[PDB]
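Keeping their order, the protein sequence lines are chains A and B.
Heads up: the first sequence is residues 2 to 115, going by the deposited numbering.
Heads up: the second sequence is residues 2 to 115, going by the deposited numbering.
Comments concern the structure below.
2 protein chains.
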Amino acid sequence: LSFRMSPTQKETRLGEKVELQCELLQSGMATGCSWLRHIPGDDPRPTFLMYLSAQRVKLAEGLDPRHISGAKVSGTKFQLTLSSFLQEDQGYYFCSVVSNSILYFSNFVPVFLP
Amino acid sequence: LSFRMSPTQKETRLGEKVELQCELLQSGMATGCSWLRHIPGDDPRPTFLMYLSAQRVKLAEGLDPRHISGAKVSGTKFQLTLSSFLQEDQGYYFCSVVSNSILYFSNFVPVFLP
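Right, here's the structure in full:
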């Protein structure tokens with residue numbers, strides 16, 4: 002499964018809104034999509050952020066919905082929004098879709114401060 | 002020494018990721034591999050893009066790792082990735098390997114816009 006990322010990278014600033022989108026290049030394989038991010042550090046694992054579908058956005062435990070959310074824009078377009086960028090928001094953002102029990106990952110989007 | 006290219010060709014779009022792979026079909030001949038490009042026009046010469054190996058990717062001087070990179074992914078498989086396709090990324094991509102002072106070249110992979 003292929004995705005197009007809009008934008009493909011972002012240099013942001015503290016306090017700024019950041020809006021990311023991933024677009025599935027094929028439809029009908031899933032109704033939902035997850036956003037994840039990898040935080041630079043010694044832990045190589047990604048961090049689950051949210052699951053987006055026809056239902057309300059489901060945020061990862063402990064996340065502030067005032068700060069981070071997302072939306073299913075269409076059957077193939079998914080959006081993530083950071084309302085006011087914080088230092089800890091820096092990382093590599095990507096989408097994941099499960100289809101036929103296979104985890105697929107979009108390309109990653111580096112979102113960093115100067 | 003022969004190469005297998007995956008894919009053999011690609012029609013891309015602006016802002017899409019492009020991932021190419023070339024696999025050496027004979028083991029034990031080289032542990033490194035170069036990606037080159039040919040663009041018809043004013044300079045027919047093979048243009049060096051990167052040398053992949055056990056070491057970090059060695060990009061040609063002037064290339065931006067935020068746009069172009071690659072990786073050695075097995076003993077024989079080598080990959081080139083464009084993060085966001087640009088008009089200027091169009092052309093014929095191919096791999097080259099040296100073994101016992103003998104230069105080898107893969108088939109050309111056309112990567113173009115509609």
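C-beta: ideal position from N, C-alpha, C; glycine also.
Item checked: Members of the region 2-20 of chain A near chain B, C-beta cut-off 9 Å -> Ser3, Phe4, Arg5, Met6, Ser7, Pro8, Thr9, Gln10
Notebook entry, point to check: Distance, Cα to Cα, residue 1/A vs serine 102/B?
Noted result: Any answer about residue 1/A is impossible in this case: the structure gives chain A only from 2 up to 115.
Next item on the list: Tell me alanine 72/A's beta-bridge partners as DSSP assigns them.
Entry: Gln80/A
Check: Is the CB-CB distance between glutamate 17/B and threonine 77/B below 8 Å?
Finding: no
Next item on the list: Pick helix, strand or coil for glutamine 88/B, following the three-state DSSP scheme.
Entry: helix
Next item on the list: Report yes or no: is there a C-beta of chain A within less than 8 Å of the C-beta of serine 84/B?
Entry: yes
Checklist line | Cβ pair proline 111/B, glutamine 10/B closer than 8 Å | finding: yes
Notebook entry, point to check: Mind checking whether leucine 60/B and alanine 72/B have CB atoms under 8 Å apart?
Noted result: no
Item checked: Residues sharing a beta bridge with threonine 48/A, DSSP -> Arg38/A
Item checked: Contact list for the region 56-71 of chain B against chain A, Cβ threshold 8 Å -> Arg67
Check: Cβ of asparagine 101/A less than 8 Å from any chain B Cβ?
Finding: no
Checklist line | Presumed contact (8 Å Cβ cut-off) between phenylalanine 106/B and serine 97/B, rounded CB distance | finding: 5 Å
Notebook entry, point to check: Which stretch, first to last residue, makes up the beta strand (DSSP E) that contains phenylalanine 109/A?
Noted result: Careful: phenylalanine 109/A lies outside any beta strand (DSSP E) and carries neither H nor E.
Check: Are the beta-carbon atoms of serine 75/A and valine 58/A separated by less than 8 Å?
Finding: no
Notebook entry, point to check: Taking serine 28/B as the reference, which of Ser3/B, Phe86/B, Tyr93/B has the closest Cα?
Noted result: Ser3/B
Check: Between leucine 87/B and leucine 37/B, which are expected to be in contact by the criterion C-beta below 8 Å, what is the C-beta distance as a whole number of angstroms?
Finding: With 8 Å as the limit, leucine 87/B and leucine 37/B do not qualify as a contact, their Cβ atoms being about 18 Å apart.
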